[PDB]
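One structure below.
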Amino acid sequence: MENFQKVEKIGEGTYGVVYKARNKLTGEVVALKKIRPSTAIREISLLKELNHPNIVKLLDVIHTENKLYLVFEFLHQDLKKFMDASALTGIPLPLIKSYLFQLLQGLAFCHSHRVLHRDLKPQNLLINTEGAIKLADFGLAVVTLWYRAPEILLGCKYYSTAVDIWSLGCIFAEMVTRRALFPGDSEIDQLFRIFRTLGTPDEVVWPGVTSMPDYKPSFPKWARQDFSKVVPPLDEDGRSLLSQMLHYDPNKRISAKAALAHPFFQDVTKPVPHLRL
Ligand SMILES: COc1cccc(C(=O)c2sc(Nc3ccc(S(N)(=O)=O)cc3)nc2N)c1
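Note that the numbering used here has the sequence shown beginning at 674, numbered continuously upward.
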């Protein structure tokens with residue numbers, strides 16, 4: 674832009690690059706995403722009116738000279754950085770619980786407004802010094818596949834809100850164990866890592882799975898591993914909730930609204946994180 678002074682590049686998605694920038698006139702500090710369709714533009718408008726404390730605010734949309742700029746409120750750190758910074762000691766359970774609860778509130782909100790995120794990952798979950806966490810970089814209707822729902826990997830053409838619950842479940846597990854749950858480095862490796870842990874799905878647990886676009890009868894048949902080995906440091910309420918967020922059948926997978934009512938959140942609080950900026 675010309676009305677902006679780039680302070681530094683802070684990220685890059687599969688459609689654009691994001692910079693920390695300052696409004697040369699107002700002096701406000703923002704996150705500016707630069708991207709190099711009636712559906713999109715209107716899909717974006719909807720995003721602008723999507724206001725919730727757990728959703729990064731989209732301030733302005735500027736279309737000029739073969740470039741599309743999205744101006745967002747700036748947050749100081751993403752969850753990936755915070756997790757790395759917390760790798761030696763781990764994020765305290767109360768904070769993990771607070772973050773999960775808040776993200777579920779944000780998803781409950783977008784989902785009730787028929788908005789799907791589609792690409793949740795630690796890098797697009799942003800945190801501030803007051804203990805909040807917000808959903809950022811919504812996806813429109815080397816890329817990381819670690820948080821991709823199985824139905825996407827199996828070729829489903831129509832995503833449902835369940836894909837976001839799956840991604841969030843993977844992130845929840847990662848915050849707890851301090852290791853990515855399914856770190857695949859290809860679509861098939863991602864799929865098979867999921868199968869090796871949760872068991873190769875079949876018609877019993879996932880009606881219709883064998884008729885999905887990319888399903889092959891030749892997939893290996895792995896037995897489901899004991900769930901207590903998956904996220905050991907997690908108590909039973911947490912494990913129960915996670916298992917519901919990771920159901921194979923999108924229709925059995927717990928909703929964000931239902932997840933918010935899970936016993937795991939009975940004692941939820943809002944701790945302040947120790948952030949090094
Ligand atoms: C492809 O476009 C994207 C991708 C992901 C997020 C956003 C986005 O809206 C952002 S990023 C941000 N600040 C920030 C991010 C990471 C870090 S770090 N690495 O912890 O030092 C520090 C500050 N604020 C907003 N609002 C845009």
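C-beta: ideal position from N, C-alpha, C; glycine also.
Range covered by the alpha helix (DSSP H) that runs through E876:
Careful: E876 lies outside any alpha helix (DSSP H) and carries neither H nor E.
Rounded C-alpha distance that separates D757 from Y831
If you draw a straight line from the Cα of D757 to the Cα of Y831, it comes to about 34 Å.
To the nearest angstrom, how far is the alpha carbon of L705 from that of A822?
One C-alpha to the other measures close to 29 Å.
Find the nearest neighbour of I714 within the set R695, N727, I735, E701, judged by alpha-carbon distance.
The shortest CA-to-CA distance from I714 to any of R695, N727, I735, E701 is the one to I735.
Count the C-beta pairs between the segment 722–730 and the segment 773–782 that are closer than 8 Å, then say yes if the count reaches three, no if not.
Contact between the segment 722–730 and the segment 773–782 is established, with three or more Cβ pairs separated by less than 8 Å.
Tell me, please, which residues DSSP counts as bridged to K679.
When DSSP reads this structure, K679 sits in a beta bridge with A694.
Residues bridged to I844 (per DSSP)
In DSSP, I844 forms no bridge with anything.
Does any heavy atom of ligand 1 sit closer than 8 Å to the C-beta of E746?
Because some heavy atom of ligand 1 lies under 8 Å away, the Cβ of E746 counts as near it: yes.
Cβ-Cβ distance between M848 and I769 below 9 Å:
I769 sits close to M848, with the two beta carbons spaced by under 9 Å.
Span separating the alpha-carbon of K930 from that of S891
If you draw a straight line from the Cα of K930 to the Cα of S891, it comes to about 37 Å.
Pick helix, strand or coil for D922, following the three-state DSSP scheme.
Secondary structure of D922 (DSSP, three-state): coil.
Nearest to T870 by CA position, among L854, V816, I825, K682, is which residue?
Cα-wise, what sits closest to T870 is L854.
Taking contact to mean 3 or more Cβ pairs, one atom from each stretch, closer than 8 Å, check whether the segment 770–777 and the segment 935–947 are in contact.
Touching, yes.
Measuring straight from C-alpha to C-alpha, what distance separates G872 and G857?
Distance between the alpha carbons of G872 and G857 is about 16 Å.
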